[PDB]
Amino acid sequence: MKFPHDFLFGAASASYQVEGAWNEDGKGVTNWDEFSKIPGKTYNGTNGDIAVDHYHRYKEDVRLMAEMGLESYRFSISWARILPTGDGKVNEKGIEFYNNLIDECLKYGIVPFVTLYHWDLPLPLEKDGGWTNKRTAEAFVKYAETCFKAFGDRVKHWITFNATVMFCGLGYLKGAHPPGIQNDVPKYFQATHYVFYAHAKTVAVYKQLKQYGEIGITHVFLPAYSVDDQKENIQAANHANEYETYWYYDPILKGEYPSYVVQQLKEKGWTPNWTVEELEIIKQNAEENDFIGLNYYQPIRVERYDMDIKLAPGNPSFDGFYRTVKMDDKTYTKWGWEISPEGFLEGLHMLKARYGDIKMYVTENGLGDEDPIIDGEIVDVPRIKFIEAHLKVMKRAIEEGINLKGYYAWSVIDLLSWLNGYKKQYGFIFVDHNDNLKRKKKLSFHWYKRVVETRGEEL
């Protein structure tokens, strides 16, 4: 019984990835609904139209989570289910559905942890300029307030945004996410600003509501290490960390943007169109966050741009100052992501040094795999070893006085990986695409049950 009763063992899903029912019960079209049908954007033309069909079998999937001894389920609300056009009339049929999902989790004592925005923007709001238009931030606040009024009697754990770095960075820098834009740095940075503004304003509204649950944001956590002891490389890491960690966590946690990056955007002419009022709202609401969410999969190993010659190479950074690299002496997934428990642990240390005793939830962590199948059984031993290694570093972080209060494995069920199809499995529950999307427990499902039952006595 080592992890305290204070700490939730969970597993996670995202609405676009898991629900399907893209056109049902009054749901508005989203950006991912349109974007996924552009050839070249999703793996093998893979879709969320049906996804894994969680919308129609939510009762079954929740029964399974309960059978797994799950303590908390983290899912996302589809904004286009509540408010189809982003604003305007509320779709009651969408409110019914999330009330039913919430109520079913609750039957079995499973705690909802709810993400409001997991990348699936109602389409008009894309056409307005998405997160580059303050309007979308004001719309988001209204939506959040709608969800709070409708669901907040029962839901006491809320996430505003998920992984802003990806949706903003992939949407405006690489064109791999909607709206599909490439190398527009100013829009990227502007998008992150309006998101952080929407967050802080939403947090202020939630607290004025007097609902007595908790709220915070979920970021990607992607700690950057220097590939060696070389000063140029150390500097490349510092810079990586500034842009990938500090830009995101400082505004939410500290109430100020990191002056290092601010100085460089000014020089480059890329500073966002931000107002004093917006920055005050951010500044005054940094102290209102109850927690920080971490989606952590890997660190990155960096060398400076001109230290090739100075161990395979890496992708260059957006401003071309550094690049990430792969290395002989480390372990990678089959899609090339590093598996680094020591990476994660020092990462956690770096975060307590800067942000102090902030309450941390690991809102995503897991292994993407093409699962071994034997006699119709999914024997996903690699996933078990992945989660095991990460759970052990958490156990140690806690022993070391880090304020970690939950762990949500990425993918409670097999679902759609945005850009990797169904082939990049991440779940505890298998889904049979060849047998009418039927659910089967994997090896990992039974293992995780035991971990929760024992609260992590695994040495």
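For every residue, the number given is its place in the sequence shown, counted from 1.
J.: If the chain runs straight from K310 to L311, say none; otherwise bin the unmodelled deposited residues as 1 to 3, 4 to 9, or 10 or more.
T.: Per the deposited record, the segment joining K310 and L311 lacks coordinates for 10 or more residues.
J.: Mean Cα B factor from the PDB record: higher for 236-244, or higher for 150-158?
T.: Stretch with the greater average CA B-factor: 236-244.
J.: Averaging the C-alpha B factors as listed in the entry, name the stretch that ends up higher: 338-346 or 323-331.
T.: According to the entry, 323-331 carries the higher average C-alpha B-factor.
J.: Have a look at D87, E214, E71, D250 and flag the one whose Cα has the highest B-factor in the entry.
T.: Answer, based on the entry's C-alpha B-factors: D87.
J.: Considering only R383, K254, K134, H193, which residue's Cα atom bears the greatest B-factor as recorded?
T.: Highest C-alpha B-factor among the listed options: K254.
J.: Quick check on the deposited entry: does the C-alpha B-factor of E287 sit in the lowest, middle or highest third of its chain?
T.: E287: CA B-factor falls in the middle third of its chain.
J.: Test of reading the entry: by CA B factor among the chain's modelled residues, which third contains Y43?
T.: Within its chain, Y43 is a highest-third residue by C-alpha B-factor, going by the deposited values.
J.: Lowest, middle or highest third of the chain for the C-alpha temperature factor of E377?
T.: Middle third - that is where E377 ends up once the chain's C-alpha B-factors are sorted.
J.: What third of the chain does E60 rank in for C-alpha temperature factor, lowest, middle or highest?
T.: Middle third.
J.: Among the chain's modelled residues, which third holds the C-alpha B-factor of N436?
T.: Within its chain, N436 is a highest-third residue by C-alpha B-factor, going by the deposited values.
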